Structures are given as structure tokens and as C-alpha cells.
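Here the structure comes first, spelled out in C-alpha cells, and everything after it is commentary.
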Amino acid sequence: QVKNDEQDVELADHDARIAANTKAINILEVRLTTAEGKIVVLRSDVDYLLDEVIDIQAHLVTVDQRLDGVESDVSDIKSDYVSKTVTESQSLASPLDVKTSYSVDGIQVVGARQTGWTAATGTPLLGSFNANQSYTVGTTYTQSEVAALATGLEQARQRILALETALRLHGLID
Amino acid sequence: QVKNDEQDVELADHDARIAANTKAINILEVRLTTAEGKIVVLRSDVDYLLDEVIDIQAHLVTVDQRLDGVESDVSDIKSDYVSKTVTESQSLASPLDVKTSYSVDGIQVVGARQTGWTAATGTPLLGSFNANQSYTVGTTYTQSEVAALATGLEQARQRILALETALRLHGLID
Amino acid sequence: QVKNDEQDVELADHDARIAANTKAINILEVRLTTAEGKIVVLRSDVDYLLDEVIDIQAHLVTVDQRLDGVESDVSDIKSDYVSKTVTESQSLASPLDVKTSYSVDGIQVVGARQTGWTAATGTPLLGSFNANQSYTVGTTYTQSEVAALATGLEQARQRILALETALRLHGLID
Ligand SMILES: [Ca+2]
Ligand SMILES: [Cl-]
């Protein structure tokens with residue numbers, strides 16, 4: 001009989017210990033369930049971040065491409081453009097047209113083509129021209145002396161023609 | 001009899017099993033504690049990352065605006081600037097002033113305005129001018145022939161005046 | 001003997017409950033192992049992301065610097081460049097060379113230097129020049145009248161020289 005109370009005592013002990021284990025298991029289960037939930041949310045956030053960074057890194061590739069493009073175009077303009085402050089002569093590969101005038105050193109040297117001219121006719125003299133030729137004129141009429149005047153006048157008129165033709169070919173006059 | 005031999009054996013069995021469960025439960029507690037702690041640190045890191053990515057994406061929005069701005073400015077300059085390498089004629093909506101000279105095909109055509117001129121007086125001859133007019137000069141004096149020289153000289157001088165007037169009006173001479 | 005069956009009942013209950021806890025522990029172990037595994041993968045992902053944002057933020061500093069660079073260069077070009085659409089006069093600090101021609105208001109005023117000229121010689125007349133000077137020519141030969149004609153011709157020729165010299169110094173003719 002009292003061998004049996006000793007069995008009753010241990011059964012009660014086991015019962016308390018089993019109940020304690022059950023309670024401990026339940027506490028662990030809930031903690032784990034809570035932890036599992038947080039892992040899912042962490043996974044959701046991290047998957048979001050991974051997708052974001054992929055998008056960010058792709059965007060940065062585009063940004064680098066756009067920067068390279070604009071740096072290249074700026075570089076091209078820098079080497080190709082006519083500057084207002086550069087002192088060394090600048091050359092265009094094209095003709096040039098402007099409004100109303102061309103100036104040198106703040107002073108107009110060339111304006112619009114001047115019209116109203118009738119073009120002179122004849123053969124232009126581009127050859128030797130002696131402007132200091134003195135023409136002898138005697139007390140008496142000498143055909144050769146007046147003929148020298150005639151020759152000299154014709155030379156002058158053909159030189160005028162040469163000058164006029166030069167301006168017309170340039171476009172300074174009509 | 002064999003009554004209690006069998007119950008004590010099972011009680012000993014239960015005791016060992018309860019203790020085994022207890023030791024296994026405790027091991028789970030340690031592992032779970034470590035895992036819970038790692039979850040806290042991960043959440044801290046992910047929260048940090050979430051803020052970084054928000055900041056980065058805001059920065060990238062600004063970058064795109066700035067890229068838009070500079071690309072637009074470059075585009076406007078591109079269409080508005082005078083190029084040194086384009087072969088087709090370029091036109092300014094303004095007059096132009098340069099230092100010391102204008103050249104065509106690498107050769108100076110126009111320089112600074114030349115001073116020191118006294119303006120000629122008279123009526124410029126813009127009409128017909130025959131540079132090949134020949135002036136007959138005979139063996140003997142003929143009024144009409146010498147008068148033809150006078151007329152031709154007056155014409156020539158008035159044509160010179162017309163040219164000089166053109167140059168002064170352009171600004172090539174003062 | 002009335003009492004021992006009651007122990008049989010409780011022992012059976014304990015056996016079932018202990019077995020339930022043992023299995024429950026095993027189930028928790030599996031869940032915990034799964035969670036621990038996911039935590040490791042999460043850590044690898046987060047560690048990757050932590051390094052990524054460091055690289056991205058360094059990149060963004062570089063981007064802002066590059067944006068600063070082009071914005072600065074665009075700004076410099078904008079103030080320095082010759083514009084095709086501005087209406088008010090533009091000035092170059094340099095000489096200018098162009099291809100084939102200069103035009104004003106859509107019409108060519110200056111072309112290439114014209115060659116083939118031999119320089120006229122003499123003393124250029126830059127002084128007073130009266131183009132309306134009339135030369136009297138009488139019925140009979142008069143030296144003073146023809147001498148005045150000679151004087152007028154020399155003046156005309158020397159004025160031509162002055163004009164030609166002006167054109168040559170500009171570079172409009174060789
Ligand atoms: Ca018993
Ligand atoms: Cl148990």
C-alpha cells in the first residue's frame with residue numbers, strides 16, 4: 001500500500017512536470033509564430049528593396065549615358081563655336097551673312113550693297129598705271145601732246161572701270 | 001505481484017522521457033532566443049535600407065530634372081550658335097564687329113577704316129560710262145575734239161567721285 | 001487493487017501526453033530550422049543591399065559633381081557664344097575668316113581677293129578733289145586751257161591711285 005502512495009506521489013510529480021513542459025511548448029510556439037510572421041514581412045521588405053535597387057542601378061546606367069552624351073555635346077560645341085572673347089583669329093568653313101553692317105575695331109567698314117549704278121562698259125585696265133606721268137603742253141598745238149592726253153584719259157577711264165568692276169564683283173555696288 | 005514491477009518500470013520510463021523533453025525544450029529556447037535576436041538586428045538593418053532607398057530615389061528625381069535642364073539648354077545652344085565647321089552659309093540677325101580684319105579663304109579682304117581723306121565734291125556719275133570711248137586727236141586743233149576730252153575728263157572725275165562716295169558710305173575710308 | 005487500475009488510467013494518460021509533447025517538440029524543431037534557414041538567406045540579401053547603397057550613394061555624389069561640371073560649362077558657353085538670333089550688334093575680340101563670301105541683308109557685299117592687278121605708281125591724292133570742275137575749250141588753241149586739262153587728268157589719275165591703294169591695303173584686290 002505505501003509502496004503505492006510512493007507511486008501516487010511520483011504520478012503527481014510527473015503530471016506537474018508534463019504540464020510544465022506543455023506550457024513551455026505553447027509559449028515557444030507562439031513566440032515562433034510571431035517570429036515567423038516577422039520573417040515573412042522582412043522577406044517582403046527585402047524583396048521590395050532588391051527590386052528597388054535593381055531599378056535604381058538601371059536608372060543610374062541611364063544617368064551615366066545621359067551625362068556622357070551631354071558632356072560629349074558640350075565638348076563638341078566648345079571646340080566648334082565662335083567665341084566673342086577669344087583673341088586669336090577664328091575661321092568659318094561657311095559663308096557668312098549679317099544684318100546691316102560689318103565693323104572693324106568698333107567702326108563700320110562694310111554696309112549693304114549700294115544700288116542705282118549703271119554698269120560701266122569697256123575693257124578694264126589692270127596693268128601698269130603711272131599716276132605721276134606729267135603731260136607736256138606747249139605754247140603751240142602738237143598733235144602728239146594732246147594725243148598723250150587722250151591716251152592718258154582713256155587709261156584713267158579704263159582704270160576706273162577696273163575699280164568699279166572689282167566692287168561690283170565683290171558685291172559692294174550693283 | 002508483477003503488479004508494481006510493471007508500473008515502476010513505466011514510471012521510470014516516463015521520468016526519463018519527461019526529462020528528455022525538458023532538455024530538448026530548453027535547447028529550443030536557446031535557438032529561438034538567438035533567432036529572435038537576429039530578427040531584431042535584421043529589422044534594424046532593413047529599416048535603415050528602406051530610408052536610404054527613399055533618400056536615393058528622391059535624389060534621382062532631382063538628377064533627372066537637372067539632366068532635363070542641361071539637355072534642353074544644350075539643345076537651344078546647338079540650334080543658335082555659329083559653327084566653325086559647318087559648310088552651309090550662316091546668317092546673323094545682328095550686325096557684326098571684329099578685331100583688325102575680315103578674311104575670305106584665309107586671305108585678308110577688309111581691314112580697318114583708312115583715314116586721312118578729304119571728301120571730294122561734285123555730282124556723282126552713276127549713269128552710263130563708256131571706258132572704251134576713243135578720243136580722236138587730229139593733226140590740227142579742233143575745238144570739238146578737245147571739247148570731247150574735257151567732257152570725258154569731267155565724266156571720269158565724276159565717276160571717280162561716285163566710287164569714292166561708295167567707299168566712304170561703306171566705311172572703307174573716312 | 002481498487003486503486004491500481006486508477007494508476008493504469010493515469011499512466012496511459014501520461015504516456016499519451018508525453019508522446020504528444022515529444023512530437024510537438026519535433027514539429028517545433030522543424031519550424032525553427034526552417035526559420036533559421038530563412039534568416040541566413042535574409043542576412044545574405046541584406047548584406048548585399050548594405051554594400052549596394054554604399055556604392056549607389058558614392059555614385060550619386062559623382063553624378064552631382066558631373067552635373068555641376070556641365071551646368072558650369074553650359075553657363076560659360078551661353079555668355080561667350082555668337083548667336084544667330086540676337087538682333088543687337090555682336091563684337092568679336094578676334095579677327096575673322098570665312099569661306100567664299102560676306103553678305104549683308106542676304107546679299108553678298110564681299111568676296112575673295114581679286115588678283116591680277118599691277119599696283120599703280122605715283123603720289124596718291126587724298127586732298128581736295130572737285131569733280132564738277134568745268135574745263136573751258138575755245139575756238140583756237142590756248143595753252144592754259146589744255147594745261148588745265150592736263151592738270152585735271154593728272155589729278156584724276158592720282159585720285160584713282162589713292163582709291164586703288166585703299167582697296168589694296170584692305171585686301172579687296174592684290
Ligand atoms: Ca500500484
Ligand atoms: Cl513532457
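Ordered as shown in the C-alpha cells, chains take letters A, B, and onward, while each chain numbers its residues from 1 and ligands are numbered from 1 in the order shown.
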As a tab-separated table (two decimals) with N, CA and C atoms, in the first residue's frame, please: all residues of stretch 5-143 of chain A that backbone DSSP puts in strand (DSSP E).
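This went into out-v5.tsv:
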chain	number	residue	atom	x	y	z
A	90	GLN	N	39.53	83.44	-85.82
A	90	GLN	CA	38.60	82.33	-85.91
A	90	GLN	C	38.13	82.17	-87.35
A	91	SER	N	38.04	80.93	-87.81
A	91	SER	CA	37.69	80.68	-89.20
A	91	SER	C	36.42	79.86	-89.35
A	96	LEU	N	29.18	83.81	-94.69
A	96	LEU	CA	28.54	84.47	-93.57
A	96	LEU	C	27.65	85.60	-94.06
A	97	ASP	N	26.49	85.74	-93.42
A	97	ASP	CA	25.54	86.80	-93.70
A	97	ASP	C	25.18	87.51	-92.40
A	98	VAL	N	25.13	88.84	-92.42
A	98	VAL	CA	24.78	89.60	-91.22
A	98	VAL	C	23.74	90.67	-91.53
A	102	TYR	N	29.11	95.30	-91.33
A	102	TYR	CA	30.33	94.71	-90.77
A	102	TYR	C	31.20	95.83	-90.22
A	103	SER	N	31.74	95.65	-89.02
A	103	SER	CA	32.62	96.66	-88.44
A	103	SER	C	33.99	96.10	-88.10
A	104	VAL	N	35.00	96.97	-88.14
A	104	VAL	CA	36.33	96.63	-87.68
A	104	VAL	C	36.75	97.61	-86.59
A	107	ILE	N	34.23	100.24	-85.72
A	107	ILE	CA	33.89	101.17	-86.79
A	107	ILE	C	33.42	100.44	-88.05
A	108	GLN	N	32.27	100.85	-88.59
A	108	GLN	CA	31.72	100.17	-89.76
A	108	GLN	C	32.63	100.29	-90.97
A	109	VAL	N	33.06	99.15	-91.51
A	109	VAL	CA	33.82	99.16	-92.76
A	109	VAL	C	33.00	98.76	-93.98
A	110	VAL	N	31.95	97.96	-93.78
A	110	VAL	CA	31.14	97.49	-94.90
A	110	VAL	C	29.65	97.51	-94.55
>> How would you report the residues lying within 7 Å of ligand 1, as a VMD selection string, if you count only C-alpha atoms and all ligand atoms?
In response: (chain A and resid 4 7) or (chain B and resid 3 to 4 7) or (chain C and resid 4 7)
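Atom pair atom CA of residue A:25 / atom CA of residue C:6 has a distance of 27.7 Å (rounded to one decimal).
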> For chain B, which residues have at least one atom within 6 Å of chain A, if we go by only C-alpha atoms? Write them as an MDAnalysis selection string, please.
Replying inline: chainID B and resid 82:100 112:113 126:132 135 137 139 156 170:172
Write out the residues from the selection above, keeping N, CA, C and O atoms, as a short mmCIF file (atom, residue, chain, number, x, y, z; two decimals), in the first residue's frame.
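After the write, result-v6.cif holds the following:
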data_model
loop_
_atom_site.label_atom_id
_atom_site.label_comp_id
_atom_site.auth_asym_id
_atom_site.auth_seq_id
_atom_site.Cartn_x
_atom_site.Cartn_y
_atom_site.Cartn_z
N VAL B 82 26.91 79.93 -83.91
CA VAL B 82 27.66 79.97 -85.16
C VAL B 82 28.79 78.94 -85.12
O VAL B 82 29.67 79.00 -84.26
N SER B 83 28.77 78.01 -86.07
CA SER B 83 29.72 76.90 -86.08
C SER B 83 30.93 77.18 -86.97
O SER B 83 30.80 77.80 -88.03
N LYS B 84 32.10 76.73 -86.53
CA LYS B 84 33.31 76.91 -87.33
C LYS B 84 33.48 75.84 -88.41
O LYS B 84 34.22 76.05 -89.37
N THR B 85 32.84 74.69 -88.24
CA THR B 85 32.97 73.61 -89.22
C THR B 85 31.81 73.39 -90.21
O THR B 85 31.96 72.61 -91.15
N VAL B 86 30.67 74.06 -90.04
CA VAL B 86 29.55 73.82 -90.96
C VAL B 86 29.84 74.52 -92.29
O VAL B 86 30.38 75.62 -92.31
N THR B 87 29.53 73.84 -93.40
CA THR B 87 29.83 74.36 -94.73
C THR B 87 28.74 75.25 -95.34
O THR B 87 29.01 76.01 -96.27
N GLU B 88 27.52 75.15 -94.83
CA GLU B 88 26.41 75.92 -95.38
C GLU B 88 26.34 77.30 -94.74
O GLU B 88 26.61 77.46 -93.55
N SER B 89 25.98 78.30 -95.55
CA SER B 89 26.01 79.70 -95.14
C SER B 89 25.25 79.94 -93.85
O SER B 89 24.15 79.42 -93.66
N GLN B 90 25.85 80.72 -92.96
CA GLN B 90 25.23 81.04 -91.69
C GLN B 90 24.88 82.52 -91.65
O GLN B 90 25.65 83.36 -92.12
N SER B 91 23.72 82.84 -91.10
CA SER B 91 23.24 84.21 -91.08
C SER B 91 23.01 84.73 -89.66
O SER B 91 22.41 84.05 -88.82
N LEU B 92 23.49 85.94 -89.39
CA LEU B 92 23.23 86.62 -88.12
C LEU B 92 22.05 87.56 -88.26
O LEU B 92 21.83 88.14 -89.33
N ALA B 93 21.28 87.70 -87.19
CA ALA B 93 20.19 88.66 -87.16
C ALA B 93 20.70 90.01 -86.66
O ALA B 93 19.92 90.95 -86.47
N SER B 94 22.01 90.09 -86.44
CA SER B 94 22.62 91.30 -85.91
C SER B 94 23.76 91.78 -86.80
O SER B 94 24.25 91.03 -87.63
N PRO B 95 24.18 93.04 -86.62
CA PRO B 95 25.45 93.44 -87.23
C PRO B 95 26.62 92.74 -86.54
O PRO B 95 26.41 92.07 -85.53
N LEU B 96 27.82 92.91 -87.08
CA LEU B 96 28.99 92.23 -86.56
C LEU B 96 30.20 93.16 -86.50
O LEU B 96 30.44 93.96 -87.40
N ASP B 97 30.97 93.05 -85.42
CA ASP B 97 32.21 93.79 -85.28
C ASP B 97 33.33 92.80 -84.95
O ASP B 97 33.13 91.89 -84.15
N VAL B 98 34.49 92.96 -85.58
CA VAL B 98 35.63 92.08 -85.31
C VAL B 98 36.89 92.89 -85.10
O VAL B 98 36.93 94.09 -85.41
N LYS B 99 37.95 92.24 -84.61
CA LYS B 99 39.22 92.93 -84.41
C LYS B 99 40.16 92.78 -85.61
O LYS B 99 40.47 91.67 -86.05
N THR B 100 40.53 93.93 -86.16
CA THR B 100 41.59 94.16 -87.14
C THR B 100 41.33 93.73 -88.59
O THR B 100 41.73 94.45 -89.51
N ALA B 112 40.88 97.73 -91.21
CA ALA B 112 40.35 98.90 -90.53
C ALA B 112 40.09 100.04 -91.50
O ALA B 112 40.72 100.12 -92.56
N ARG B 113 39.14 100.91 -91.15
CA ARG B 113 38.86 102.09 -91.94
C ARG B 113 40.11 102.95 -92.11
O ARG B 113 40.83 103.23 -91.15
N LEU B 126 26.46 108.15 -111.81
CA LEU B 126 26.02 106.78 -111.65
C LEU B 126 25.46 106.19 -112.94
O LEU B 126 25.11 105.01 -112.99
N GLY B 127 25.40 107.01 -113.98
CA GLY B 127 24.78 106.61 -115.24
C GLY B 127 25.74 105.86 -116.14
O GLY B 127 26.72 105.29 -115.66
N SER B 128 25.47 105.87 -117.44
CA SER B 128 26.31 105.14 -118.39
C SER B 128 27.72 105.73 -118.45
O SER B 128 27.90 106.95 -118.43
N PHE B 129 28.71 104.84 -118.48
CA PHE B 129 30.11 105.22 -118.54
C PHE B 129 30.81 104.31 -119.54
O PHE B 129 30.95 103.11 -119.31
N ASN B 130 31.29 104.88 -120.65
CA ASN B 130 31.95 104.07 -121.67
C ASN B 130 33.46 104.23 -121.59
O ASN B 130 34.02 105.24 -122.04
N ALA B 131 34.12 103.21 -121.06
CA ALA B 131 35.55 103.28 -120.80
C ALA B 131 36.34 103.07 -122.08
O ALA B 131 37.53 103.39 -122.16
N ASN B 132 35.68 102.52 -123.10
CA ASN B 132 36.33 102.30 -124.38
C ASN B 132 36.09 103.41 -125.39
O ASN B 132 36.45 103.28 -126.56
N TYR B 135 39.11 108.92 -128.09
CA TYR B 135 39.07 110.35 -128.37
C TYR B 135 40.01 110.69 -129.52
O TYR B 135 41.23 110.59 -129.39
N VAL B 137 42.22 112.74 -131.94
CA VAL B 137 43.05 113.94 -131.89
C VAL B 137 43.73 114.10 -133.24
O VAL B 137 44.58 113.29 -133.62
N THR B 139 45.75 116.04 -136.59
CA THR B 139 46.98 116.77 -136.86
C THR B 139 46.87 118.22 -136.40
O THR B 139 47.84 118.80 -135.91
N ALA B 156 34.95 111.18 -116.18
CA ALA B 156 35.88 110.33 -115.43
C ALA B 156 36.01 110.79 -113.99
O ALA B 156 36.03 109.97 -113.07
N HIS B 170 30.30 102.94 -97.34
CA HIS B 170 30.52 101.62 -96.75
C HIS B 170 31.30 101.74 -95.45
O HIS B 170 31.03 101.02 -94.49
N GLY B 171 32.25 102.68 -95.42
CA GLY B 171 33.10 102.86 -94.26
C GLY B 171 34.53 102.40 -94.47
O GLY B 171 35.33 102.41 -93.53
N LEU B 172 34.85 101.98 -95.69
CA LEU B 172 36.20 101.54 -96.02
C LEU B 172 37.22 102.68 -95.93
O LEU B 172 38.40 102.46 -95.66
#
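Taking only C-alpha atoms and all ligand atoms into account, ligand 2 lies nearest to C:19 out of the set C:19, C:12, C:2, C:50.
Between ligand 2 and the candidates A:23, A:152, A:133, A:58, the tightest atom-to-atom separation, counting only C-alpha atoms and all ligand atoms, involves A:23.
Distances to ligand 2 were evaluated for C:44, C:64, C:16, C:78 using only C-alpha atoms and all ligand atoms, and the minimum falls at C:16.
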> Between atom CA of residue C:65 and atom CA of residue A:54, what is the spacing in Å?
Replying inline: 23.2 Å
